[PDB]
file coords-v1.pdb (PDB, C-alpha atoms and all ligand atoms)
ATOM      1  CA  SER D  17      -3.823  -6.722  23.457
ATOM      2  CA  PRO D  18      -6.788  -7.992  25.564
ATOM      3  CA  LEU D  19      -8.760 -10.561  23.494
ATOM      4  CA  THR D  20     -12.126 -11.663  24.993
ATOM      5  CA  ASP D  21     -13.956 -14.992  24.970
ATOM      6  CA  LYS D  22     -16.825 -13.538  22.895
ATOM      7  CA  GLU D  23     -14.401 -12.062  20.315
ATOM      8  CA  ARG D  24     -12.635 -15.397  20.082
ATOM      9  CA  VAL D  25     -16.042 -16.891  19.236
ATOM     10  CA  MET D  26     -16.812 -14.108  16.745
ATOM     11  CA  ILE D  27     -13.554 -15.067  15.013
ATOM     12  CA  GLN D  28     -13.950 -18.866  14.964
ATOM     13  CA  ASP D  29     -17.477 -18.447  13.630
ATOM     14  CA  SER D  30     -16.722 -15.940  10.895
ATOM     15  CA  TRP D  31     -13.603 -17.895   9.876
ATOM     16  CA  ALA D  32     -15.677 -21.008   9.356
ATOM     17  CA  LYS D  33     -17.491 -19.130   6.545
ATOM     18  CA  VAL D  34     -14.288 -17.770   5.063
ATOM     19  CA  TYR D  35     -12.580 -21.178   5.023
ATOM     20  CA  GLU D  36     -15.516 -22.627   3.069
ATOM     21  CA  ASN D  37     -14.419 -20.502   0.102
ATOM     22  CA  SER D  38     -10.739 -20.738   1.064
ATOM     23  CA  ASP D  39      -8.862 -20.645  -2.193
ATOM     24  CA  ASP D  40     -10.405 -17.691  -4.055
ATOM     25  CA  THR D  41     -10.183 -15.726  -0.859
ATOM     26  CA  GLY D  42      -6.473 -16.551  -0.358
ATOM     27  CA  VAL D  43      -5.692 -15.199  -3.796
ATOM     28  CA  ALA D  44      -8.010 -12.247  -3.681
ATOM     29  CA  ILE D  45      -6.040 -11.271  -0.602
ATOM     30  CA  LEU D  46      -2.571 -11.797  -2.123
ATOM     31  CA  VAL D  47      -3.555 -10.073  -5.387
ATOM     32  CA  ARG D  48      -4.593  -6.943  -3.459
ATOM     33  CA  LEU D  49      -1.331  -7.091  -1.548
ATOM     34  CA  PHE D  50       0.848  -7.462  -4.670
ATOM     35  CA  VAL D  51      -1.040  -4.869  -6.763
ATOM     36  CA  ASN D  52      -1.555  -2.217  -4.096
ATOM     37  CA  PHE D  53       1.910  -2.651  -2.499
ATOM     38  CA  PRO D  54       4.045  -3.806  -5.436
ATOM     39  CA  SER D  55       7.428  -3.918  -3.775
ATOM     40  CA  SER D  56       5.959  -6.859  -1.859
ATOM     41  CA  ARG D  57       6.282  -8.785  -5.144
ATOM     42  CA  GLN D  58      10.065  -8.688  -4.952
ATOM     43  CA  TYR D  59      10.494 -11.914  -3.008
ATOM     44  CA  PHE D  60       8.631 -14.117  -5.507
ATOM     45  CA  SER D  61      10.827 -15.144  -8.425
ATOM     46  CA  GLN D  62       8.086 -16.174 -10.819
ATOM     47  CA  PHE D  63       5.912 -13.031 -10.728
ATOM     48  CA  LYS D  64       8.037 -10.250  -9.205
ATOM     49  CA  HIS D  65       7.453  -8.241 -12.405
ATOM     50  CA  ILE D  66       3.766  -8.759 -12.973
ATOM     51  CA  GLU D  67       1.326  -5.907 -12.347
ATOM     52  CA  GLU D  68      -2.038  -7.233 -13.449
ATOM     53  CA  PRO D  69      -4.531  -9.094 -11.309
ATOM     54  CA  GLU D  70      -5.574 -11.480 -14.156
ATOM     55  CA  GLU D  71      -1.907 -12.336 -14.695
ATOM     56  CA  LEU D  72      -1.245 -12.740 -10.989
ATOM     57  CA  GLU D  73      -4.178 -15.005 -10.265
ATOM     58  CA  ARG D  74      -2.842 -17.463 -12.812
ATOM     59  CA  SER D  75       0.583 -17.801 -11.143
ATOM     60  CA  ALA D  76       1.152 -21.229  -9.708
ATOM     61  CA  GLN D  77       3.554 -19.719  -7.164
ATOM     62  CA  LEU D  78       1.119 -17.022  -6.075
ATOM     63  CA  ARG D  79      -1.651 -19.577  -5.622
ATOM     64  CA  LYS D  80       0.385 -22.049  -3.575
ATOM     65  CA  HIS D  81       1.471 -19.286  -1.262
ATOM     66  CA  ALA D  82      -2.069 -18.004  -1.054
ATOM     67  CA  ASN D  83      -2.990 -21.474   0.027
ATOM     68  CA  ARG D  84      -0.216 -21.549   2.637
ATOM     69  CA  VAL D  85      -1.320 -18.224   4.031
ATOM     70  CA  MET D  86      -4.838 -19.462   4.623
ATOM     71  CA  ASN D  87      -3.767 -22.692   6.185
ATOM     72  CA  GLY D  88      -1.563 -20.594   8.414
ATOM     73  CA  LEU D  89      -4.497 -18.440   9.515
ATOM     74  CA  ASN D  90      -6.617 -21.552   9.972
ATOM     75  CA  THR D  91      -4.052 -23.057  12.265
ATOM     76  CA  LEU D  92      -3.911 -19.790  14.191
ATOM     77  CA  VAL D  93      -7.698 -19.833  14.539
ATOM     78  CA  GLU D  94      -8.026 -23.502  15.493
ATOM     79  CA  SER D  95      -5.438 -22.665  18.105
ATOM     80  CA  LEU D  96      -6.694 -19.410  19.633
ATOM     81  CA  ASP D  97      -7.310 -20.895  23.088
ATOM     82  CA  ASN D  98      -3.794 -22.368  23.297
ATOM     83  CA  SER D  99      -1.329 -19.546  23.539
ATOM     84  CA  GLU D 100       1.845 -21.527  23.703
ATOM     85  CA  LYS D 101       0.892 -23.005  20.361
ATOM     86  CA  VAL D 102       0.209 -19.673  18.658
ATOM     87  CA  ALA D 103       3.584 -18.671  20.038
ATOM     88  CA  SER D 104       5.366 -21.567  18.292
ATOM     89  CA  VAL D 105       3.486 -21.019  15.062
ATOM     90  CA  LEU D 106       4.455 -17.413  14.928
ATOM     91  CA  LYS D 107       7.960 -18.411  15.916
ATOM     92  CA  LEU D 108       8.234 -20.861  13.009
ATOM     93  CA  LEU D 109       6.758 -18.429  10.549
ATOM     94  CA  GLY D 110       8.890 -15.524  11.637
ATOM     95  CA  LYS D 111      12.076 -17.540  11.500
ATOM     96  CA  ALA D 112      11.447 -18.885   7.978
ATOM     97  CA  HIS D 113      10.437 -15.533   6.542
ATOM     98  CA  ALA D 114      13.251 -13.782   8.286
ATOM     99  CA  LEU D 115      16.007 -16.260   7.580
ATOM    100  CA  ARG D 116      15.023 -18.335   4.565
ATOM    101  CA  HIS D 117      12.969 -15.738   2.577
ATOM    102  CA  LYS D 118      14.334 -12.471   3.901
ATOM    103  CA  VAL D 119      11.002 -10.719   3.899
ATOM    104  CA  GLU D 120      10.891  -7.211   5.411
ATOM    105  CA  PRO D 121       8.608  -7.476   8.468
ATOM    106  CA  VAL D 122       6.630  -4.429   7.288
ATOM    107  CA  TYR D 123       4.867  -6.622   4.753
ATOM    108  CA  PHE D 124       3.384  -8.771   7.481
ATOM    109  CA  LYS D 125       1.781  -5.629   8.834
ATOM    110  CA  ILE D 126       0.539  -4.543   5.425
ATOM    111  CA  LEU D 127      -0.857  -7.987   4.826
ATOM    112  CA  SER D 128      -2.873  -7.770   8.111
ATOM    113  CA  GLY D 129      -4.319  -4.573   6.647
ATOM    114  CA  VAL D 130      -5.353  -6.302   3.396
ATOM    115  CA  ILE D 131      -6.934  -9.318   5.124
ATOM    116  CA  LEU D 132      -9.411  -7.043   6.916
ATOM    117  CA  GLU D 133      -9.988  -4.986   3.794
ATOM    118  CA  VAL D 134     -10.834  -8.089   1.736
ATOM    119  CA  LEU D 135     -12.648 -10.085   4.411
ATOM    120  CA  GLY D 136     -14.987  -7.172   5.151
ATOM    121  CA  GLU D 137     -15.671  -6.736   1.449
ATOM    122  CA  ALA D 138     -15.989 -10.332   0.212
ATOM    123  CA  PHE D 139     -17.817 -11.443   3.373
ATOM    124  CA  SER D 140     -19.515  -8.274   4.632
ATOM    125  CA  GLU D 141     -22.719  -9.973   5.735
ATOM    126  CA  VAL D 142     -20.623 -11.577   8.460
ATOM    127  CA  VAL D 143     -17.875  -9.149   9.251
ATOM    128  CA  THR D 144     -19.804  -6.622  11.224
ATOM    129  CA  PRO D 145     -18.083  -3.613  12.841
ATOM    130  CA  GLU D 146     -17.875  -5.748  15.919
ATOM    131  CA  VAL D 147     -16.394  -8.814  14.212
ATOM    132  CA  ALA D 148     -13.859  -6.619  12.383
ATOM    133  CA  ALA D 149     -12.617  -5.186  15.709
ATOM    134  CA  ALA D 150     -11.842  -8.693  16.906
ATOM    135  CA  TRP D 151      -9.963  -9.626  13.755
ATOM    136  CA  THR D 152      -8.035  -6.381  14.170
ATOM    137  CA  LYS D 153      -6.946  -7.468  17.701
ATOM    138  CA  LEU D 154      -5.959 -10.864  16.422
ATOM    139  CA  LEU D 155      -3.960  -9.643  13.435
ATOM    140  CA  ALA D 156      -2.163  -7.088  15.607
ATOM    141  CA  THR D 157      -1.251 -10.020  17.796
ATOM    142  CA  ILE D 158       0.016 -12.037  14.869
ATOM    143  CA  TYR D 159       1.999  -9.070  13.618
ATOM    144  CA  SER D 160       3.364  -8.282  17.070
ATOM    145  CA  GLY D 161       4.673 -11.833  17.673
ATOM    146  CA  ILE D 162       6.197 -12.004  14.222
ATOM    147  CA  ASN D 163       8.141  -8.830  14.936
ATOM    148  CA  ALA D 164       9.240 -10.218  18.313
ATOM    149  CA  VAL D 165      10.728 -13.263  16.535
ATOM    150  CA  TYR D 166      12.329 -11.060  13.874
ATOM    151  CA  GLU D 167      14.239  -9.280  16.679
ATOM    152  CA  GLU D 168      15.141 -12.497  18.487
ATOM    153  CA  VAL D 169      16.671 -13.463  15.188
ATOM    154  CA  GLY D 170      18.721 -10.315  14.634
ATOM    155  CA  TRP D 171      16.691  -7.995  12.408
ATOM    156  CA  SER D 172      16.818  -4.341  13.583
TER     157      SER D 172
HETATM  158  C1  LIG D 201       0.320 -14.879   7.786
HETATM  159  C2  LIG D 201       1.205 -14.706   6.808
HETATM  160  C3  LIG D 201       1.956 -15.796   6.133
HETATM  161  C4  LIG D 201       1.976 -17.158   6.237
HETATM  162  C5  LIG D 201       1.153 -18.022   7.150
HETATM  163  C6  LIG D 201       2.940 -17.628   5.309
HETATM  164  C7  LIG D 201       3.259 -18.965   5.143
HETATM  165  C8  LIG D 201       4.248 -19.408   4.299
HETATM  166  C9  LIG D 201       4.630 -20.752   4.159
HETATM  167  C10 LIG D 201       4.036 -21.892   4.927
HETATM  168  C11 LIG D 201       5.620 -20.834   3.229
HETATM  169  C12 LIG D 201       6.297 -22.122   2.804
HETATM  170  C13 LIG D 201       6.990 -22.811   3.989
HETATM  171  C14 LIG D 201       8.117 -21.911   4.380
HETATM  172  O1  LIG D 201       8.932 -21.662   3.465
HETATM  173  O2  LIG D 201       8.215 -21.387   5.535
HETATM  174  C15 LIG D 201       5.859 -19.515   2.782
HETATM  175  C16 LIG D 201       6.791 -19.164   1.864
HETATM  176  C17 LIG D 201       6.986 -17.837   1.511
HETATM  177  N1  LIG D 201       6.385 -16.727   1.976
HETATM  178 FE1  LIG D 201       4.981 -16.681   3.239
HETATM  179  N2  LIG D 201       3.498 -16.603   4.702
HETATM  180  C18 LIG D 201       2.954 -15.487   5.120
HETATM  181  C19 LIG D 201       3.225 -14.182   4.788
HETATM  182  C20 LIG D 201       4.143 -13.795   3.856
HETATM  183  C21 LIG D 201       4.290 -12.501   3.413
HETATM  184  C22 LIG D 201       3.564 -11.309   3.949
HETATM  185  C23 LIG D 201       5.234 -12.485   2.432
HETATM  186  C24 LIG D 201       5.542 -11.215   1.756
HETATM  187  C25 LIG D 201       6.121 -11.146   0.576
HETATM  188  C26 LIG D 201       5.651 -13.842   2.252
HETATM  189  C27 LIG D 201       6.579 -14.330   1.389
HETATM  190  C28 LIG D 201       6.888 -15.686   1.293
HETATM  191  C29 LIG D 201       7.930 -16.152   0.374
HETATM  192  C30 LIG D 201       8.761 -15.328  -0.575
HETATM  193  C31 LIG D 201       8.007 -17.469   0.534
HETATM  194  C32 LIG D 201       8.824 -18.427  -0.277
HETATM  195  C33 LIG D 201       7.825 -19.067  -1.265
HETATM  196  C34 LIG D 201       8.407 -19.377  -2.624
HETATM  197  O3  LIG D 201       9.389 -20.128  -2.706
HETATM  198  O4  LIG D 201       7.888 -18.948  -3.680
HETATM  199  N3  LIG D 201       4.932 -14.602   3.131
HETATM  200  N4  LIG D 201       5.019 -18.661   3.460
END

call {"tool": "encode", "arguments": {"input": "coords-v1.pdb", "output": "structure tokens"}}
result
Amino acid sequence: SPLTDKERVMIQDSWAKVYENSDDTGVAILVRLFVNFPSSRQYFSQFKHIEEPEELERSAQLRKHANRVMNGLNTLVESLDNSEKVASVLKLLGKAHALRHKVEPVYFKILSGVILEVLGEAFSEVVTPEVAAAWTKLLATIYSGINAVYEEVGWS
């Protein structure tokens, strides 16, 4: 809940390295999500029934979404010091996924999980225990605001 100025800097600085290899990382994340937590695949018409990473990484639909996810995060990171703006971003997100896509909010949580897991595996020389703790705080914030919108919207 309390995010510090140093942590904020930890995040901006690590993210700059992650964004440099943005695309592969996006999909590495989504492939772990969809493989490890398969029911999460249910919302995606073109690969809901695909189990294999090599199959999944070739899905045009997977990849576009993986791209959208990362741009999302990037926006959230560019915007860390402006809290009204993170609020609207999470609002927009949460609405769409609630109303248009009908995604169970649990998957946002599980995704936050996977992002750490993959960040601090693909980019371990940067994601130190300390940096990981900051990303934790951030992603709990993301997930918390998403849930808040989901309730505003009528999901209980
Ligand atoms: C930080 C997390 C995420 C971000 C930034 C994100 C962003 C987006 C964006 C920008 C779109 C397209 C624009 C829109 O329709 O609103 C989209 C579509 C979608 N998202 Fe996400 N999303 C995220 C997480 C999730 C998660 C966890 C799921 C879980 C299954 C999911 C499922 C979908 C689906 C089903 C669509 C429709 C895409 C399609 O037509 O194939 N998203 N997302």

call {"tool": "atom_distance", "arguments": {"input": "coords-v1.pdb", "atom1": "CA of residue 130 (chain D)", "atom2": "CA of residue 76 (chain D)"}}
result
20.9 Å

call {"tool": "closest_residue", "arguments": {"input": "coords-v1.pdb", "among": "D:135, D:154, D:72, D:45", "to": "residue 92 (chain D)", "atoms": "all atoms listed in the file"}}
result
D:154

call {"tool": "axis_aligned_box", "arguments": {"input": "coords-v1.pdb", "around": "ligand LIG 201 (chain D)", "padding_each_side": "8 Å", "output": "AutoDock Vina command-line options"}}
result
--center_x 4.9 --center_y -17.0 --center_z 2.1 --size_x 25.1 --size_y 27.7 --size_z 27.5

call {"tool": "atom_distance", "arguments": {"input": "coords-v1.pdb", "atom1": "CA of residue 157 (chain D)", "atom2": "CA of residue 77 (chain D)"}}
result
27.2 Å

call {"tool": "atom_distance", "arguments": {"input": "coords-v1.pdb", "atom1": "CA of residue 97 (chain D)", "atom2": "CA of residue 115 (chain D)"}}
result
28.4 Å

call {"tool": "closest_residue", "arguments": {"input": "coords-v1.pdb", "among": "D:103, D:162, D:34, D:143", "to": "ligand LIG 201 (chain D)", "atoms": "all atoms listed in the file"}}
result
D:162

call {"tool": "residues_near_ligand", "arguments": {"input": "coords-v1.pdb", "ligand": "ligand LIG 201 (chain D)", "cutoff": "8 Å", "atoms": "only C-alpha atoms and all ligand atoms", "output": "ChimeraX atom specification"}}
result
/D:56-62,77-78,81,84-89,108-109,112-113,116-121,123-128,158

call {"tool": "write_last_selection", "arguments": {"input": "coords-v1.pdb", "atoms": "C-alpha atoms", "output": "mmCIF file, in the coordinates of the input"}}
result
data_model
loop_
_atom_site.group_PDB
_atom_site.id
_atom_site.type_symbol
_atom_site.label_atom_id
_atom_site.label_comp_id
_atom_site.auth_asym_id
_atom_site.auth_seq_id
_atom_site.Cartn_x
_atom_site.Cartn_y
_atom_site.Cartn_z
ATOM 1 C CA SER D 56 5.959 -6.859 -1.859
ATOM 2 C CA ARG D 57 6.282 -8.785 -5.144
ATOM 3 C CA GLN D 58 10.065 -8.688 -4.952
ATOM 4 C CA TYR D 59 10.494 -11.914 -3.008
ATOM 5 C CA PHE D 60 8.631 -14.117 -5.507
ATOM 6 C CA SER D 61 10.827 -15.144 -8.425
ATOM 7 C CA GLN D 62 8.086 -16.174 -10.819
ATOM 8 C CA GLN D 77 3.554 -19.719 -7.164
ATOM 9 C CA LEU D 78 1.119 -17.022 -6.075
ATOM 10 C CA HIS D 81 1.471 -19.286 -1.262
ATOM 11 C CA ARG D 84 -0.216 -21.549 2.637
ATOM 12 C CA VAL D 85 -1.320 -18.224 4.031
ATOM 13 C CA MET D 86 -4.838 -19.462 4.623
ATOM 14 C CA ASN D 87 -3.767 -22.692 6.185
ATOM 15 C CA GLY D 88 -1.563 -20.594 8.414
ATOM 16 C CA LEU D 89 -4.497 -18.440 9.515
ATOM 17 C CA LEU D 108 8.234 -20.861 13.009
ATOM 18 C CA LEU D 109 6.758 -18.429 10.549
ATOM 19 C CA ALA D 112 11.447 -18.885 7.978
ATOM 20 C CA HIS D 113 10.437 -15.533 6.542
ATOM 21 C CA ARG D 116 15.023 -18.335 4.565
ATOM 22 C CA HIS D 117 12.969 -15.738 2.577
ATOM 23 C CA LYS D 118 14.334 -12.471 3.901
ATOM 24 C CA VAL D 119 11.002 -10.719 3.899
ATOM 25 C CA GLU D 120 10.891 -7.211 5.411
ATOM 26 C CA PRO D 121 8.608 -7.476 8.468
ATOM 27 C CA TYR D 123 4.867 -6.622 4.753
ATOM 28 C CA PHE D 124 3.384 -8.771 7.481
ATOM 29 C CA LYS D 125 1.781 -5.629 8.834
ATOM 30 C CA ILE D 126 0.539 -4.543 5.425
ATOM 31 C CA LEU D 127 -0.857 -7.987 4.826
ATOM 32 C CA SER D 128 -2.873 -7.770 8.111
ATOM 33 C CA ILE D 158 0.016 -12.037 14.869
#

call {"tool": "closest_residue", "arguments": {"input": "coords-v1.pdb", "among": "D:167, D:146, D:73, D:67", "to": "residue 22 (chain D)", "atoms": "all atoms listed in the file"}}
result
D:146
